[PDB]
Structures are given as C-alpha cells and as structure tokens.
Amino acid sequence: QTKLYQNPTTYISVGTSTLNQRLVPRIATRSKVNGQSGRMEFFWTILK
Amino acid sequence: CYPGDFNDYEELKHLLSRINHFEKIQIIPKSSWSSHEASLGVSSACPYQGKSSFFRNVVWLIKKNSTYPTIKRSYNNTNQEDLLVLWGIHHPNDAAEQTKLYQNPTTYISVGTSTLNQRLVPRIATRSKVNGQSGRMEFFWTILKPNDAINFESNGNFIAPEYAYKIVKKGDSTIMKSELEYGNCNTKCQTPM
Ligand SMILES: *[C@@H]1O[C@H](CO)[C@@H](O[C@@H]2O[C@H](CO)[C@@H](O[C@@H]3O[C@H](CO)[C@@H](O)[C@H](O)[C@@H]3O)[C@H](O)[C@H]2NC(C)=O)[C@H](O)[C@H]1NC(C)=O
C-alpha cells in the first residue's frame, strides 16, 4: 500500500441523491490468480 | 449452546439438501497450536458431563503467557472433493474480557480462498443474557474447490477449525421437518406424517 498510494488508512466515498457509500480496502492473504494476488472489487450505479 | 448466529445458515442447509454423505477430515490439529493456548477455550454455557466444555470441530483460541501473536495459517485442498469448512468469531461483552481473553484492543479475522475476501471485526456491545452468557459467537462457512488453498489470519477473537467436511456422495435429499422418530420400516415414499 505504501508502494502504490502512500496513505496508510484510506477510503472511497461516492455520493448522490440516493447513494451514500464509503469503501475500505481489505488487506488479506489469498491465492494467486492470473499471476496476480490483490483483487479489485468494482461497483456501479445509474445516475438519474 | 454458546449463543450467537450462523451466517448464511439457510443457504447452507439448502446446499446440504444435495449431499448424501460427509467425511470429516482433520485440517488443523488442535495439538499443533504453536504459541497460543487451544486447551482452555471452554465455557459453562456448553456443559458436557458436569464440566465446562465447548464445540468439538472448532477450537476457541486464548492468549499465551500474556500475548496473542498474529495467526497466519493455511490449508490446501489436495483432495479431489469439494470441502465444506467452518470457522467463527467471538463477540465480547466488554473491553475487560477483551484483554482478559485475547489481549489486544483492536482485532480482525482474515480468511481468503481463491474467491473469498473476508475481514471480520468483533463488535463490543451490551445485550440481554442468554444461557448465562451475553457475549456471542458468530460462525461462518465456505466451500473449497480441489487444489484451492484457504489462508486464515487473525490477532484475536478467533474460533478456528479442527475438522472440515468432505462432500463424498452428492445427490438428492431434503432436510425434512418432522417430529416422529424412526420405526424400522422401509418405503419408496416418505412424508413428514
Ligand atoms: C495446492 O495443491 C495443488 C496440487 O498440488 C497445486 O496444484 C498444482 O499446482 C501446480 C503448479 O504449482 C500445477 O502445475 C502447473 O501446470 C501448468 C500446466 O500443466 C504449468 O504450465 C505450470 O507451470 C504449473 O507447473 C498443477 O497442475 C496443479 N495440480 C492440479 C492438478 O491442479 C496448487 O498449487 C496448490 N493450490 C494453490 C494454487 O494454492
């Protein structure tokens, strides 16, 4: 996490009329897919 | 018997609808527990022959000397069957019991298969007293595909597996909800009455 983003503690906060979200990245030891370990979890929404 | 909840309980029982036979295998020996104390995870909430005792296919790890060093253990399903494996977190009744049992102010659990990304945080809180106790155990589960590893890591409040469950015979069944006990007959049709 230092390598890539500096800040130790981190978040994401996406906000609209309805949506009120705030995300926190979970560090965890986990098995390797596609020469890769860390995961990326995507989200979505329909902006009226 | 020690109160709490079973996360995604019904989704499991339904999955148990298709299984005709288990085989319990040992994934983490109780003996092999390192620099913790596996022996003293018992509670009067769960009595066995007059003494205090606990669940049998998990183990309720307590701190050693006066420390709880970060757990970092794994297991590869080199069997050729799907593996059902259950763990659990403890939720304490206060900060007093937090240090008293597990040692540390803040704790987390981190299990991770090839498709699991869990990070669990116990919740302290006041609550009404069930079966003597008012802390809670919240249990969890997953299925492990062949040749998949599953890596745990936690610095407290962690109820670890000893035994997992091999799905041997897969097929048809239901979790039938009758109150009659067996009558040594044989049929081709069964109904709860
Ligand atoms: C858990 O144990 C299983 C069983 O040993 C491990 O699976 C095996 O992993 C090896 C590599 O370490 C696989 O070999 C690979 O084969 C491909 C194509 O043939 C080759 O190009 C690669 O260089 C690699 O050597 C092997 O097939 C695989 N066994 C099977 C049948 O699944 C596994 O590594 C462990 N679990 C994990 C990945 O966490």
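Definitions and limits used
Numbers attached to residues count from 1 within each chain as its sequence is written and can disagree with those in the entry; no residue without coordinates is shown. Following the order in which they are written, the chains are lettered starting with A and the ligands numbered starting with 1. Only a portion of a larger assembly is displayed here, and every value given applies to that displayed portion alone. Derived side-chain values reflect all non-hydrogen atoms in the structure, with water molecules and hydrogen atoms excluded from consideration. Every case where a carboxyl oxygen of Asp or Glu lies within 4 Å of a side-chain nitrogen of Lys or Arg is listed as a salt bridge. Counting from the N terminus, the helices are the DSSP runs of H or I reaching at least four residues and the strands are the DSSP runs of E reaching at least two. Each residue gets one of three labels from its accessible area relative to the maximum for its type: buried under 20%, exposed over 50%, partly exposed in between, using a 1.4 Å probe on protein chains only. Note on definitions: a residue-residue contact is assigned when non-hydrogen atoms from the two residues lie within 4.5 Å. Buried area, as used here, totals the accessible surface that two parts lose on assembly, with accessibility defined by a 1.4 Å probe and the loss added over both. The definition of a polar contact used here is a pair of N or O atoms within 3.5 Å, where within protein one atom must be able to donate a hydrogen and the other to accept one, and adjacent residues in sequence count solely through side-chain atom pairs. A molecule or strand has a residue near it when one of that residue's heavy atoms lies within 4 Å. Where accessible areas are quoted, they stem from the Shrake-Rupley method and a 1.4 Å probe; at the residue level, only the protein chains shown are allowed to cover. Side-chain classes follow a simple rule in which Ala, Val, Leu, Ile, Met, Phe, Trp, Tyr, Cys and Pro form the nonpolar group, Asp, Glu, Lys and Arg form the charged group, and the remainder, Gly included, forms the polar group.

- Per the PDB record, the structure was determined using X-ray crystallography to 3.20 Å resolution.

1. A short note on the pattern of salt bridges
Residue and element names in this part refer to chain B.
Next up, step 1: Under the defined criterion, the tally for this structure stands at five salt bridges over all chains.
Next up, step 2: Two residues, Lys145 and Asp82, come together in a salt bridge whose shortest N-O distance is 4.0 Å. Here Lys145 is found in the loop between β8 (136-144) and β9 (149-154), whereas its partner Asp82 is found in the loop between β6 (71-76) and β7 (83-91), with 63 residues between them in sequence.
Next up, step 3: When its relative accessible area of 53% is taken as the criterion, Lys145 is described as exposed.

2. Observations concerning unusual backbone geometry
Residues and elements named next belong to chain B.
Next up, step 1: In this model, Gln49 sits at a positive phi of 55 degrees, which is unusual for a non-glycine residue.
Next up, step 2: With respect to the helices and strands, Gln49 occurs in the loop between β3 (43-48) and β4 (51-53).
Next up, step 3: For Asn157, which is not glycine, the phi dihedral falls at a positive 55 degrees.
Next up, step 4: Among the structural elements, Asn157 can be located in the loop between β9 and β10 (158-161).
Next up, step 5: On the accessibility criterion, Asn157 (0% relative accessible area) is buried.

3. Concerning the interface of chain A and chain B
Next up, step 1: Across the boundary between the two partners, chain A contributes seven residues, which contact 12 residues of chain B.
Next up, step 2: In total, about 780 Å² of surface goes out of reach between chain A and chain B, with carbon and sulfur atoms giving 45% of it.
Next up, step 3: The largest per-residue losses of area from chain A upon contact with chain B belong to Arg26(A), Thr29(A) and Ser31(A), which jointly make up 57% of the total buried on that side.
Next up, step 4: There are zero salt bridges connecting chain A and chain B.
Next up, step 5: Along the contact surface separating chain A from chain B lie five residue pairs in polar contact.

4. Examining the site of the ligand
Residue and element names in this part refer to chain B.
Next up, step 1: Close contacts around the ligand come from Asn76, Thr78, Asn147 and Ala149, and that covers them all.
Next up, step 2: Within the contact set of the ligand, an oxygen atom lies 2.4 Å away from a side-chain nitrogen or oxygen of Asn76.
Next up, step 3: Here a nitrogen atom of the ligand and a backbone polar atom of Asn147 are 3.1 Å apart.
Next up, step 4: Protein chains shield 22% of the accessible area of the ligand, which is 750 Å² for the free molecule.
Next up, step 5: The class makeup of the residues in the shell around the ligand is one nonpolar, three polar and no charged.

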